[PDB]
Each structure stands twice: as C-alpha cells, then as structure tokens.
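>>> experimental structure and sequence below.
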Amino acid sequence: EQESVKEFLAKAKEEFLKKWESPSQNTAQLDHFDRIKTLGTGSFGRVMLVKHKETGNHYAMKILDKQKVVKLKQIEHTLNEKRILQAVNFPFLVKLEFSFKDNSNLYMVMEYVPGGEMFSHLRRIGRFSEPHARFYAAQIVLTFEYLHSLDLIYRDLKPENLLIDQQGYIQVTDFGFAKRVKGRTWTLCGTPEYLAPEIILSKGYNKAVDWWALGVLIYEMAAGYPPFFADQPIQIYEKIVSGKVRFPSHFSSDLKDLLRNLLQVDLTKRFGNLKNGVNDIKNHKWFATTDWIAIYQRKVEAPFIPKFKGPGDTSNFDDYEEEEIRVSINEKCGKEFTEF
Ligand SMILES: NC1=C(N)C[C@@H](c2nc(-c3ccncc3)no2)NC1
C-alpha cells in the first residue's frame, strides 16, 4: 500500500468525479465525417470506420438506433456507457473523442485502434504462451484496480472487446454494461461463458464478478478455449455453478493455483474480494516476473505487433453487409434520451 499508489488513485477519483457531475454533450455532427467500412454489428447498433473531413483523422463511430434501444430495454445502460466513457482516463481504456444525437440515432466517436480484436489473434495462433498471456493479464489487473476505485463495475470482459494497438498493448472497448455501484447490483447481463455463479443465481452481486471473468479470460488465453462451454446456455450455467474445472497438463503449477482462486464459486473467498484486495493478485507467484510500473508506463516491449499498413487499414477486421445510416425527418424518442 505505497503512498504513491494511494495518492495516484485519489487524484484519479477526483478527476473522474468532476467530469461525472458535468458531462459533455453535442460535440460534433454526422456530416462532419465520411463513412468508410462497417467494422462490426449487433442487435441495436454497429461500429463503423469514418474519416473527419476537415482534419483527415480516422475514428471508430458506434451508432445506436434509439427505437431499438427502447424496445430491448437498454435505455439506462446506454446512458451509463456514454457518461462513464466521457469521464474516464487510463492508458488501456479507449478514448471517446466526440458524442452527439439526431432524429434517429445516438453516436459515440472513439479513437480507431487498427490492430483488431484479441479474439482474432488468439484463434489464428491457437493459444498464447504463458508470458504472452501474462503481459495482457497484467494490463487488465491494473485497469480493474482503476475502475473499481471509482466505484465502477465493467461486466463484459471477453476477447472480442480487447483491441490491440500499434505498440501491441490493449485498449478496452464496449462500456454498454458498465455501471457506477456503491454496494450490490442486480441486473442479468453479460456473455454466458464469462458469467459468475452469483449472476446466474439472481443474487445481488458486486465487483467480484469482474475478478471471476479475469479467471475465465486467462484460462482461455493460455488454453485456446474457455473453461465452461456447451451447445446451450443452460448447459454452460450448470457447469459454472458446479465450478468443476479441468486444466490442461501444459499449464504451470503457479497458473493452476491462481485460476483456482479466481474461479472460486464462493464469492467471499475469491481473489480480488478479500481484505487485501487487488494485492493478493499482484503478489501471486504467477506474476513474479511482472514489472507493474513498467507496464503502466508502456516501457515493456510487447510480445506481438499486429501487421497493418497505416491508420486507415482495415485488414485486421472482417466483412459485413453494408447498410444505410438513415435519419428520419421526424424526431424519435426525444424524451427518453434528453440527457445524452
Ligand atoms: N462484439 C463487440 C465487438 N465485436 C466490437 C466492440 C467495439 N470495437 C470498437 C472499436 C474501437 C476502436 N477501434 C476499433 C474497434 N468499439 O466497440 N463492441 C463489441
């Protein structure tokens, strides 16, 4: 508990709270950009590569359909996402540069990270070596230390949401389930393979669900597949609440010991949620070679640099059908999104 770390987190919370209490709004508009390519797509929104017409800079624009947000009951979650993203600041979190709305849509304009998703690189290589997995895991440990000290839970850790930048480091994206929480919270949300047992059982839960998800991620990076999988979600949930996990023989003894303490079904015994907090993780034998300050300062040479030609290259993302960005002549759902 060195005073330099305590003072760092105290200042981090001061700066977050000032932006949290006075958010920015309406800092660009759609016809300031040229549309280039669809980078991914979902049930109420998509992400598109765009170019700013006056500066030439590239950005990733997240577009949400207001009517579909209402129908799928995601109003509060969408308002959480933009308010948190405009208030945070950390080396491994993606930067929000603009936000605005119009008659039909909500827009969040982020920095474009051209190296692609961790998911693509993991599946192409097969599995990551333990030093490679540990480089990425250390970045997530520091990011969760930051978020939890601001009373934020993240709730969507998985390889699809971790983007690899030009230096080989992580940028975390997608804050659609992130929330400010003083105590417990109760919403059923997340991705099935990564959910903690207390979410599945409809209990009130806390930041310990992020430390469970870190155990799932480290297992998946080091093995090539997640610890709990099956064809139907109900079958995945039965394996999770049992907590029975089998480890490949190539895992080191230190790795198995860390994973047994992160994938602990009893949340009151889980690493990250004991009296010493994150320091039970930082001081574990599996992290003995990690220089925590050098990682934060980005002074460690990364194990892998993505191949791409420049800031507008899309070769590390995949191909989707290209659809219109339509804006109605009439305003939709104006009252619901007043504060956006
Ligand atoms: N399943 C999900 C994806 N598959 C993509 C992800 C997301 N990616 C970006 C992005 C930011 C900057 N540069 C490139 C991409 N923003 O959100 N949302 C969830």
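Yes, it's here. Numbering: from 1, shown residues only.

>>> pull out the buried positions in stretch 189-196.
Applying a neighbour-count criterion of 16 or more other CB atoms under 10 Å, one finds 190, 191, 192, 193, 194, 195, 196 buried in stretch 189-196. Heads up, the C-betas are built off the backbone N, CA and C, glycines and all.

>>> which of the residues you listed sits closest to the ligand?
residue 191 (9.1 Å; CB to the nearest ligand atom).

>>> spatially nearest residue to that closest one (excluding sequence neighbours)?
residue 158 (5.4 Å; CB to CB, 6 or more residues apart in numbering).

>>> any idea how many residues pack against the one you found?
19 (other CB atoms under 10 Å).

>>> do the same with residue 256
15.

>>> try residue 62
When counting by other CB under 10 Å, one arrives at 25 neighbours for residue 62.

>>> same thing with residue 258?
21.

>>> gap between the helix or strand containing residue 136 and the chain center?
Following DSSP states H and E, one finds residue 136 within helix 130-149. Taking the mean of its C-alpha atoms, helix 130-149 sits 12 Å from the chain's own mean (CA atoms, centre = their mean, to the nearest Å).

>>> who are the packing partners of it?
If you count contacts as 3 or more CB pairs under 8 Å, 6 or more residues apart in numbering; DSSP states H and E, helix 130-149 packs onto helix 3-21, strand 170-172, helix 208-223, helix 292-296.

>>> list the contacts for the residue nearest to residue 191?
119, 191, 193, 194, 213, 217 (CB atoms under 8 Å, 6 or more residues apart in numbering).

>>> surely the fourth one touches residue 157?
Right, the one you point to is residue 194. Yes - using CB atoms under 8 Å, residue 194 makes contact with residue 157 at a distance of 6.3 Å.

>>> which neighbours do the two share?
With CB under 8 Å, 6+ apart as the test, residue 194 and residue 157 both reach 213, 216, 217.

>>> need the contact list for the first one.
Translated: residue 213. Residue 213 touches 157, 158, 190, 194, 196, counting by CB under 8 Å, 6+ apart.

>>> where along the stretch 1-150 of the chain do the strands fall?
33-41, 45-52, 58-65, 96-101, 105-111 (DSSP state E, counting those that start in this stretch).

>>> does the ligand sit close to the second one?
Yep, that's strand 45-52 we're talking about. Yes - using CB under 6 Å from any ligand atom, strand 45-52 reaches the ligand at residue 47.

>>> got the contact list for that strand?
Residues contacting strand 45-52 (CB under 8 Å, 6+ apart): 32-41, 57-65, 68, 109, 112, 312, 314, 320, 323, 325.

>>> can you do 7 Å?
32-40, 58-65, 112, 314 (CB atoms under 7 Å, 6 or more residues apart in numbering).

>>> same check, this time on stretch 99-109
26-30, 59, 61-66, 78, 82, 85-86, 96-98, 326-328, 330-332, 337, 340.

>>> and the ligand, which of those reach it?
Within those, those near the ligand by CB under 6 Å from any ligand atom are residue 62.

>>> which of the contacts of stretch 99-109 are buried? Put it as a PyMOL command.
To isolate the buried members of the contacts of stretch 99-109 in PyMOL, using 16+ other CB under 10 Å:
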select buried, resi 28+30+59+61+62+63+64+65+66+78+82+85+86+96+97+98+332+337+340
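
>>> can I get the strands of the stretch 1-150 of the chain in JSON lines including distance to residue 132?
Converted to JSON lines, the strands of the stretch 1-150 of the chain look like this (distance: least, CB to CB, whole Å):
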{"stretch": "strand 33-41", "distance to residue 132": "24"}
{"stretch": "strand 45-52", "distance to residue 132": "26"}
{"stretch": "strand 58-65", "distance to residue 132": "25"}
{"stretch": "strand 96-101", "distance to residue 132": "29"}
{"stretch": "strand 105-111", "distance to residue 132": "24"}
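
>>> thank you, goodbye.
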